[PDB]
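Presented below is the structure to which this report refers.
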Amino acid sequence: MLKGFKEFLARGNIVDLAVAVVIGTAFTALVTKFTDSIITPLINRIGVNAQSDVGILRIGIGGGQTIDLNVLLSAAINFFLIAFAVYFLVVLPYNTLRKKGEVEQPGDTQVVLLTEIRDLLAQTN
Amino acid sequence: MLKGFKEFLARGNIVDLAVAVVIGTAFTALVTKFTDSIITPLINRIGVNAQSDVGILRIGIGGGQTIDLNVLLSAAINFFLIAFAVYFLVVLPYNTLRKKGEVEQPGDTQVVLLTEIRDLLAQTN
Amino acid sequence: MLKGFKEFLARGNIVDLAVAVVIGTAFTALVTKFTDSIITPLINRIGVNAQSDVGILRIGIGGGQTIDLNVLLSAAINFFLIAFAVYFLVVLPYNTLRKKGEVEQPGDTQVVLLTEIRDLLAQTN
Amino acid sequence: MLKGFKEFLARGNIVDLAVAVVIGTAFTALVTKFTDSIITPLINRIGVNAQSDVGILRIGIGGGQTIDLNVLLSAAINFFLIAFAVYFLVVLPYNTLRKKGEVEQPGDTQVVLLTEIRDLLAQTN
Amino acid sequence: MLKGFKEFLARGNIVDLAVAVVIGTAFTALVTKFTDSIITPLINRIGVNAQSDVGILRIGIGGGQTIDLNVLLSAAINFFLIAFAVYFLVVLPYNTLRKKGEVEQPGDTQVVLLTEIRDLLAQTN
Ligand SMILES: [Au+]
Ligand SMILES: [Au+]
Ligand SMILES: [Au+]
């Protein structure tokens, strides 16, 4: 069992990925929770949004219906906050490190080797 | 420790992925929120949908039961909006950049290299 | 800024992935919404499921408790429908196109080149 | 337009992926649903868990507060069930197939090719 | 049918990934549940947070509104626990195994081979 989980993990391109979804989900969850506790309430004190129209579904009930705009705006703001947080926390550093050329990846090293291979092959002739 | 987390992050084919799931979930969520606040209500002012039949679960309760179509239809519209949104915002540009050729990738460059190698090895004959 | 987001996207193996999660989550959501509105109610008019046993948690409350089977079954049905939908819509077409041989890919072209190289190298020797 | 969606789909390394997320979310949801309907109720009849302490938030309300264990354990059990399910349904078969050598992959065929090349390049010397 | 799903599965880069999303979502779900059951309550007996301001939406209702801070801190702590959990359970072992090199992967063997090839091509000169 320790062998199946561990042998699958050496195999575990899956491990790199599982972690990625783990962080990705954990983090999106954090930004939206901040938005709900801090932002949505702010949107709400004001709320001259949520308009409406009469709603007596002759199939379900009968009383009144609304169009909540504050929620949409609350969500839009949440979205922007995510883009700023990700781009700023993540993007400035990863893009800066790839430009200064200090980050890595399997495809890139293969390329260097393939390239070196090309050069030597060229030298033989 | 700072070493383990950072070393794992340059490693972060995972980083590319985590970000991808982060945006994918964040965005799908934004579209569904719009569908729910703006669209579901419009579907609802009408609502000649939600039909039903008697429901007295001789196992749970006893009172009445409903089949909501407005929700099914509201959900479907949400989906189309996502398909159009992803395809139009994401698809027209990425597919157009690949056809014109501007977007890049590790596999493609390896190909270029392998190809040149093939051409050279052929030249040696 | 427009340059940074766009340059990271050209970079975006991530874009391929983010899009994938977006569609995958959006679609699963659609299937379950159909199951809940059309199917669960049907399970429920019948609902001779949800059994139970007394439940007075001497730690939290005291009143009664139930085992909802209708939900378990509704979910299962939801699942089978997903399997029929993905396999029938996605699988019949991708397995049939790979069998007839018409789907291109970076890994496959590389193999072709690697193979040509092997053959040529064998010719020199 | 039909050309853009279809050309992106032949392209769909993404399709492979979307299907993966689609299936992954669908299945996990199925297990947790079984956990909730079947398992949680059982945890709950017993429930000598959920302990507590008075809770009158002088900032929000005022009355009493609880620490639920049955849920923590219910989730824990849900989790073990997922691991056994994924590992047993998924892991025994893919690890056995990779070991017996039947599940193929572009990366692996390339390896064989690279390996063969190494061997040949070596015979020349 | 058994052939199409199975043929698609050997094909299944998708299988590696789907399993990855399954484990990532399942695990994040577990961390947050622990936080909610064990942690949020602890945060709450205390709760001198959830501040507020009057809230009578001249568009929706009219009565009062709150900015729940406890939830924000509760979510943050949840996040740390995930970071600690993934890195400590996942990171120490994978980072250590790669350093000891005990861990294997198709990309890495490709590199070794590319290197040897580079080295041999270099010897011919
Ligand atoms: Au009734
Ligand atoms: Au009872
Ligand atoms: Au109390």
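Residue numbers (the entry's author numbering), protein chains in the order written: chain E, 1 to 125; chain D, 1 to 125; chain C, 1 to 125; chain B, 1 to 125; chain A, 1 to 125.
Note that the Cβ used here is the ideal one computed from N, Cα and C, for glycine as well.
Distance from the Cα of D:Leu69 is smallest, within the candidate group D:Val48, D:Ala122, D:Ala29 and D:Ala10, for D:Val48. Annotated three-state conformation of E:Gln105 is coil, per DSSP. Cα atoms of A:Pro106 and B:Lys99: separation of roughly 14 Å, rounded to the nearest angstrom. Per DSSP, reduced to three states, the secondary structure at A:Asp53 is strand. Assigned with DSSP and collapsed to three states, A:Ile59 falls in coil, not helix or strand. Ligand 3 approaches B:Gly63 closely enough that one of its heavy atoms is under 7 Å from the residue's Cβ. B:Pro106 has a beta carbon lying within less than 8 Å of a beta carbon in chain C. Taking a Cβ-Cβ threshold of 9 Å, the residues of chain D close to B:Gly4 are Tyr87, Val91, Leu92, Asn95 and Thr96, in chain order. B:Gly55 has its CB nearer than 7 Å to a heavy atom of ligand 3. DSSP links E:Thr25 through a beta bridge to no other residue.
Annotated three-state conformation of A:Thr124 is coil, per DSSP.
Across the structure, A:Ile46 and B:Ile46 are spaced so that their CA atoms are roughly 29 Å apart. Remark: three or more beta-carbon pairs, one from each stretch, lie closer than 8 Å, so the region 16-32 of chain C and the region 85-105 of chain D are flagged as touching. The beta-carbon of E:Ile14 is placed no less than 8 Å from the nearest beta-carbon of chain D. Distance from the Cα of C:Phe8 is smallest, within the candidate group D:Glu104, D:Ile77, D:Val112 and D:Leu114, for D:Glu104.
Contact between D:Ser74 and E:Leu72 is absent: CB atoms are separated by about 15 Å, not below the 8 Å threshold. D:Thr66 is bridged by DSSP to D:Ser52. The beta-carbon of D:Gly101 is placed no less than 8 Å from the nearest beta-carbon of chain E. Taking C-beta atoms as the reference points, E:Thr66 and A:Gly60 count as a pair closer than 8 Å. D:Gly47 sits in coil when the DSSP states are folded into three classes, being neither helix nor strand. Here D:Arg11 is buried: its Cβ has 16 or more other Cβ atoms, across all protein chains shown, within 10 Å. The contact set of C:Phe80 on chain E, defined by CB atoms closer than 7 Å, is empty, because the minimum CB distance reaches about 25 Å.
Its Cα nearest to that of A:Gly24, the residue E:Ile14 stands out among E:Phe79, E:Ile14, E:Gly101 and E:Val31. Taking C-beta atoms under 8 Å as the contact rule, C:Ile82 and C:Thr40 fail to qualify, at a distance of about 15 Å.
Chain C places no beta carbon closer than 8 Å to that of D:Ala10, leaving this residue out of the contacts. Check the Cα spacing between C:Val54 and each of B:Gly4, B:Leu42 and B:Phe84: the tightest is with B:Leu42. Taking a beta-carbon distance threshold of 8 Å, D:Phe27 counts as an interface residue toward chain C. Separation of E:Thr32 and E:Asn78 (C-alpha to C-alpha, rounded to the nearest whole angstrom) is 6 Å.
In this structure, the CA atom of C:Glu116 is about 39 Å from the CA atom of C:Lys3.
Across the structure, E:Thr35 and E:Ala76 are spaced so that their CA atoms are roughly 10 Å apart. When Cβ-Cβ separations below 8 Å define contact, A:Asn125 makes no contact with chain B.
Residue contact with chain B for E:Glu7: present (Cβ-Cβ distance below 8 Å to some residue of chain B). Sixteen is the threshold: when 16 or more other Cβ atoms of the shown chains lie within 10 Å of the Cβ of C:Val86, as they do, the residue is buried. In this structure B:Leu121 touches C:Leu121 by the C-beta definition: roughly 7 Å separates them, less than 8 Å.
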